[PDB]
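*Asks:* Chains as they are written, first to last, in the authors' numbering: chain A, 2 to 58; chain B, 292 to 388; chain C, 9 to 55; chain D, 1 to 131, 156 to 446; chain E, 50 to 93, 107 to 146.
In this text, a Cβ means the ideal position worked out from N, Cα and C, and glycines have one as well.
One structure follows; several queries about it will come next.
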Amino acid sequence: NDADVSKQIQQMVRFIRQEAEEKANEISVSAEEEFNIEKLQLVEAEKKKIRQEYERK
Amino acid sequence: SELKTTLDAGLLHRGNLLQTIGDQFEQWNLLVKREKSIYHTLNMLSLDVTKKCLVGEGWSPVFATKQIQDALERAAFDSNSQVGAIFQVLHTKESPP
Amino acid sequence: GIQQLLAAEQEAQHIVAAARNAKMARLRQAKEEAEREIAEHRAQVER
Amino acid sequence: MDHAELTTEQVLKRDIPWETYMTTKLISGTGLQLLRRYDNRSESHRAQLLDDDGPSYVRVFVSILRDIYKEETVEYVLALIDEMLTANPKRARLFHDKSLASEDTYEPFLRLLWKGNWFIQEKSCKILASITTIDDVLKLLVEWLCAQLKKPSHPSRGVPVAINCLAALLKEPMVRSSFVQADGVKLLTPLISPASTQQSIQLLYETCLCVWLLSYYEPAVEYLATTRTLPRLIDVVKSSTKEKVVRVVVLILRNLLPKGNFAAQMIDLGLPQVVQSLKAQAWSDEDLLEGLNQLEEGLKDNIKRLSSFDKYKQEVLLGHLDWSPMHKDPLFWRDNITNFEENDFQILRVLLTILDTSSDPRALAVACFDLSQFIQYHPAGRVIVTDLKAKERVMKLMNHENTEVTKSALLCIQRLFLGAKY
Amino acid sequence: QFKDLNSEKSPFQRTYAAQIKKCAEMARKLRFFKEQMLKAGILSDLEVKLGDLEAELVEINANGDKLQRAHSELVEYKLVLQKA
């Protein structure tokens, strides 16, 4: 213990911060970007269909 | 005669390379010895997934164990990892030879 | 001691699960958001 | 972060008399009192003060503290205020009020940017906390990094503050575009993963998150295509054994893997290396396994495209020759020769001429190995090589230097002598 | 010296016995190369390079033996035709 247990608990806390937060926020950001981009593409396709309908009208 | 000459040239080139190859293998004797020792030590040991650090329990000279900090510090500095392993001694009934 | 490491592992697992749930929720919300945006664009086209 | 906490403690440990400064007209008496209250908001909430509970009063104290841009004074004020606001009892809704009110954001601008490095680091938490043009303005070619880093290090002395600011900018797509406009993004790419540092893991992880964010953005994707030493950063990350940083870099590379024939070939070079690293070094993260599978798929896709180049003799056309995977395969080498043989071995004739005289020593060895493989696969290849007389030059190179090229030339000579021998 | 807790739990794949098997394959290749060098008499990533060099030397030796056999066959034909 003493300095050893302090080093161990500091390592655990640093793991919780860095390893957990980095993967979590990276996954969140990447998933949000991919999902919103894909659904924006879907909305663009729907807008193209609506534009075709408006052109027919 | 042409085939024999070509074979002789090929064998000569093979031996010329094989001299340095043998020297490299001579070094590779110690290299493979160290690699196999490390592999066997890892296989014997059981890592701790929760701490993300391999768990090691061995029979070491308790008086000389004080110097283990030097090797631990050398490994930490060479690896440059901020995370530092902790070495401890656990009392038990089993008598280390 | 070791229980602190166990709690650390539990917290990391909770963070990972939260990240997965957040990704799923972000996708689900973005679907409706972009649908509404497309509807608004269609409204301007109608105008 | 540990560095931010240490910098905040280095500022909070030292005291500054607000009353003396107010008497000396350095700050307003009410302003100095509000700065002291922002500093001691932890004790104020411990005492259940009305100002601490009141988000607006805490916001007023925060604005008064942020108004000053002095190094030590604003450093202590911002660090202690951020530490107190982190605690729930002190400045809980004050953060939301500050985010809502543009006045609080404007006040932190003075304490940030042009100010002491310790002050900048202390106010960096609130500045990065979104919950504008000035924030976009705060990014430039030099920006606040020149003060945050070892240059003008001051009490904080942490480049990690600049790294966190870069990550925060990468978080916002508008801030991402603003930083793309600012210079030094490509230079930062060469040093994304610190090769050897105490904070190397933190810096590498932050830069990997920034790289993933850049991969998310198309304009940032173009900037990365124009970035410098991005492949060098990828190779450094491959050298690094930091499994968390390795997984982050793998995710960033996967998100940034475009078609991009050149970058795809470069990745395929690393993709076998990535698979080898995954096999040799087991990674705890399943995301690492998924990225390894994606990298293997990308390597296969690149090999599919490279096969057409090998058949069409792209290396021969460009003038630079490398050991072709199709050349190493007798069937693929025979198919490539037949594609050349479609023009009466015209591409094969060019390959033989390059074997006789090549731009680079690696090109000559690659040509000799390809010629040996084709001669083994096709008898016509040996005849063409003998006619071009490149076989004698290769045999001479076998006794020459470049022992690897010497072995390849010996293999070519053996392939020729197999037909030559009765 | 650590006890073999993982081996006792499972010899198959143990904890890093995949790496142990890879090292065993590397050591087998090294032993084959050392045997070849001892036969040759030489003074005696990296493992892959050593295996490639040993394979190249073995291939060169086999090609030389095949060429010697072909030379013997041609000498037989030449002697028979000269006698005729």
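Mind listing which residues of the region 299-326 of chain B have their C-beta closer than 9 Å to chain D's C-betas, in chain order?
*Replies:* So the close ones are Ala-300, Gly-301, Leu-303, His-304, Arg-305, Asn-307, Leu-308 and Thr-311.
*Asks:* What distance in whole Å lies between the Cβ atoms of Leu-412/D and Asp-380/D, which are believed to be in contact at a cut-off of 8 Å?
*Replies:* Within the fourth sequence, the letter at position 356 stands for residue 380/D. Within the fourth sequence, the letter at position 388 stands for residue 412/D. Confirmed, Cβ separation roughly 6 Å.
*Asks:* Name the two residues that bound the continuous alpha helix (DSSP H) containing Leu-211/D.
*Replies:* Reading the fourth sequence from its first residue, position 187 is the one you call residue 211/D. Segment 209-212, the alpha helix (DSSP H) holding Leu-211/D.
*Asks:* In terms of DSSP beta bridges, what is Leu-281/D paired with?
*Replies:* For the purposes of this step, residue 281/D is taken as residue 257 along the fourth sequence, with counting starting at 1. Paired residue(s): none; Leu-281/D is not in a bridge.
*Asks:* Going by the beta-carbon positions, is the gap between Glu-71/D and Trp-118/D smaller than 9 Å?
*Replies:* Here residue 71/D refers to the residue found at position 71 of the fourth sequence. Here residue 118/D refers to the residue found at position 118 of the fourth sequence. The answer is yes: Cβ separation under 9 Å.
*Asks:* Just mark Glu-45/A as buried or exposed, buried being the case when its beta carbon has 16 or more other beta carbons within 10 Å.
*Replies:* As a position in the first sequence, residue 45/A is number 44, starting the count at 1. Label assigned to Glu-45/A: exposed.
*Asks:* Alpha carbons only, please: which of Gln-37/C, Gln-18/C, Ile-23/C and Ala-16/C is nearest the one belonging to residue 1/A?
*Replies:* Lying before the first or after the last residue shown, residue 1/A is absent from chain A, which here runs from 2 to 58.
*Asks:* Report all residues from its chain with a CB closer than 6 Å to the CB of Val-273/D; omit the five preceding and five following residues, and keep chain order.
*Replies:* Taking the fourth sequence and counting its residues from 1, the one referred to as residue 273/D is at position 249. Counting only Cβ-Cβ distances below 6 Å, and skipping sequence neighbours, we find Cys-232 and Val-261.
*Asks:* Can you check the region 315-353 of chain B for any beta strand (DSSP E) of at least 3 residues that lies completely inside it and give the ranges in chain order?
*Replies:* Runs of the beta strand (DSSP E) inside the region 315-353 of chain B: 337-339 and 344-346.
*Asks:* From the DSSP output, in three-state form, read off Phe-369/D for me.
*Replies:* For this step, residue 369/D is matched to residue 345 along the fourth sequence. It is coil, neither helix nor strand.
*Asks:* Determine the closest residue to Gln-12/A out of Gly-9/C, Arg-28/C, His-49/C and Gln-21/C, with distance taken between C-alpha atoms.
*Replies:* Residue 12/A sits at position 11 when you count from the first residue of the first sequence. Checked all of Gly-9/C, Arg-28/C, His-49/C and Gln-21/C; the closest Cα to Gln-12/A is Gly-9/C.
*Asks:* Answer with buried or exposed for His-382/B, where buried requires no fewer than 16 other C-beta atoms within 10 angstroms of its C-beta.
*Replies:* One-based indexing of the second sequence puts residue 382/B at position 91. Exposed, since its Cβ has fewer than 16 Cβ neighbours within 10 Å.
*Asks:* Taking 9 Å as the threshold (C-beta atoms), are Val-407/D and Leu-388/D in contact?
*Replies:* Along the fourth sequence, read from residue 1 onward, the residue named residue 388/D stands at position 364. Along the fourth sequence, read from residue 1 onward, the residue named residue 407/D stands at position 383. Not a contact, by the Cβ cut-off of 9 Å.
*Asks:* Cα separation between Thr-156/D and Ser-202/D?
*Replies:* Here the question's residue 156/D lines up with position 132 in the fourth sequence. Here the question's residue 202/D lines up with position 178 in the fourth sequence. Each residue's alpha carbon lies about 11 Å from the other.
*Asks:* Classify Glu-27/A as buried or exposed, calling it buried when 16 or more other Cβ atoms lie within 10 Å of its own Cβ.
*Replies:* Walking along the first sequence from the start, residue 27/A turns up at place 26. That one is buried.
*Asks:* Flag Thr-265/D as yes if its beta-carbon sits less than 9 Å from any beta-carbon of chain B, otherwise no.
*Replies:* What you label residue 265/D is simply residue 241 of the fourth sequence in a count that begins at 1. Interface residue, yes.
*Asks:* Identify every residue that forms a DSSP beta bridge with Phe-51/E.
*Replies:* In the fifth sequence, residue 51/E corresponds to position 2, counting from 1. Paired residue(s): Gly-349/B.
*Asks:* Indicate whether at least one CB of chain B lies closer than 9 Å to the CB of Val-14/A.
*Replies:* Position 13 of the first sequence, counted from the start, is the residue given in the question as residue 14/A. Chain B, which has no Cβ nearer than 9 Å to the Cβ of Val-14/A, makes this no.
*Asks:* I need the straight-line Cα distance from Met-290/D to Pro-255/D, nearest angstrom please.
*Replies:* Position 266 of the fourth sequence holds residue 290/D. Position 231 of the fourth sequence holds residue 255/D. So the alpha carbons of these two residues sit roughly 8 Å apart.
*Asks:* According to DSSP, simplified to helix, strand and coil, what is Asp-346/D?
*Replies:* For this step, residue 346/D is matched to residue 322 along the fourth sequence. DSSP places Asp-346/D in coil when its eight states are reduced to three.
*Asks:* Considering only the beta carbon of each residue, do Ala-42/C and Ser-29/A sit closer than 9 Å?
*Replies:* By 1-based counting over the third sequence, the position of residue 42/C is 34. By 1-based counting over the first sequence, the position of residue 29/A is 28. Taking 9 Å as the Cβ cut-off, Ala-42/C and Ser-29/A do not qualify as a contacting pair.
*Asks:* Quick check: the region 423-437 of chain D against the region 298-307 of chain B, are at least 3 beta-carbon pairs closer than 8 Å?
*Replies:* Cβ pair count under 8 Å is three or more, so yes.
*Asks:* Please confirm whether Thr-341/B has its beta-carbon closer than 9 Å to some beta-carbon of chain C.
*Replies:* Taking the second sequence and counting its residues from 1, one reaches residue 341/B at position 50. It does: the Cβ of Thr-341/B has a partner Cβ on chain C nearer than 9 Å.
*Asks:* Give the straight-line distance between the Cα atoms of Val-11/D and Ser-180/D, rounded to the nearest whole angstrom.
*Replies:* Residue numbering aside, residue 11/D sits at position 11 when the fourth sequence is read from its first letter. Residue numbering aside, residue 180/D sits at position 156 when the fourth sequence is read from its first letter. The alpha-carbon atoms of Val-11/D and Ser-180/D are separated by roughly 9 Å.
*Asks:* In the DSSP assignment, find the unbroken alpha helix (DSSP H) run with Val-374/B in it and report its ends.
*Replies:* As a first step, residue 374/B is located in the second sequence; it is residue number 83 there, counting from the start. Segment: none, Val-374/B is in no alpha helix (DSSP H) and carries neither H nor E.
*Asks:* Could you check whether the Cβ of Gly-347/B sits closer than 9 Å to any Cβ belonging to chain A?
*Replies:* Within the second sequence, the letter at position 56 stands for residue 347/B. So, not an interface residue.
*Asks:* Are the region 43-53 of chain D and the region 89-100 of chain D touching, with three or more C-beta to C-beta distances below 8 Å?
*Replies:* Flag = yes, the region 43-53 of chain D and the region 89-100 of chain D touch.
*Asks:* Quick check on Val-142/E: buried or exposed, where buried means 16 or more other Cβ atoms within 10 Å of its Cβ?
*Replies:* Position 80 of the fifth sequence holds residue 142/E. Exposed: under 16 other Cβ atoms inside 10 Å.
*Asks:* Taking C-beta pairs closer than 7 Å, name the residues in chain B that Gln-9/A reaches, listed in chain order.
*Replies:* Locating residue 9/A in the first sequence gives position 8, where the first residue counts as 1. Correct list: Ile-377.
*Asks:* According to DSSP, simplified to helix, strand and coil, what is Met-1/D?
*Replies:* Position 1 of the fourth sequence, counted from the start, is the residue given in the question as residue 1/D. In this structure, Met-1/D counts as coil in the three-state DSSP scheme.
*Asks:* Out of curiosity, what's the CA-to-CA distance linking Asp-334/D and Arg-386/D?
*Replies:* Locating residue 334/D in the fourth sequence gives position 310, where the first residue counts as 1. Locating residue 386/D in the fourth sequence gives position 362, where the first residue counts as 1. Roughly 17 Å separates the two Cα atoms.
*Asks:* Tell whether a beta-carbon distance below 9 Å holds between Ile-361/D and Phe-369/D.
*Replies:* On the fourth sequence, position 337 is the one that residue 361/D refers to. On the fourth sequence, position 345 is the one that residue 369/D refers to. Yes.
*Asks:* Among residues of its own chain, excluding the 5 on either side of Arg-34/C, which ones have a beta-carbon nearer than 7 Å to its beta-carbon?
*Replies:* Here residue 34/C refers to the residue found at position 26 of the third sequence. Hits under 7 Å: none found.
*Asks:* Shorter than 9 Å from the beta carbon of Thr-383/B to some beta carbon of chain E?
*Replies:* In the second sequence, counting from the first residue as 1, residue 383/B sits at position 92. False, the Cβ-Cβ gap to chain E never drops below 9 Å.
*Asks:* With H, G and I counted as helix, E and B as strand and the rest as coil, what does DSSP make of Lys-384/B?
*Replies:* Sequence index remark: in the second sequence, residue 384/B carries index 93 (1-based). In this structure, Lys-384/B counts as coil in the three-state DSSP scheme.
*Asks:* Apart from the five residues just before and just after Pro-108/D, which ones in its own chain have a Cβ nearer than 7 Å to its Cβ?
*Replies:* Numbered from its first residue, the fourth sequence carries residue 108/D at position 108. Excluding sequence neighbours, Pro-108/D sits near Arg-66, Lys-123, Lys-126 and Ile-127.
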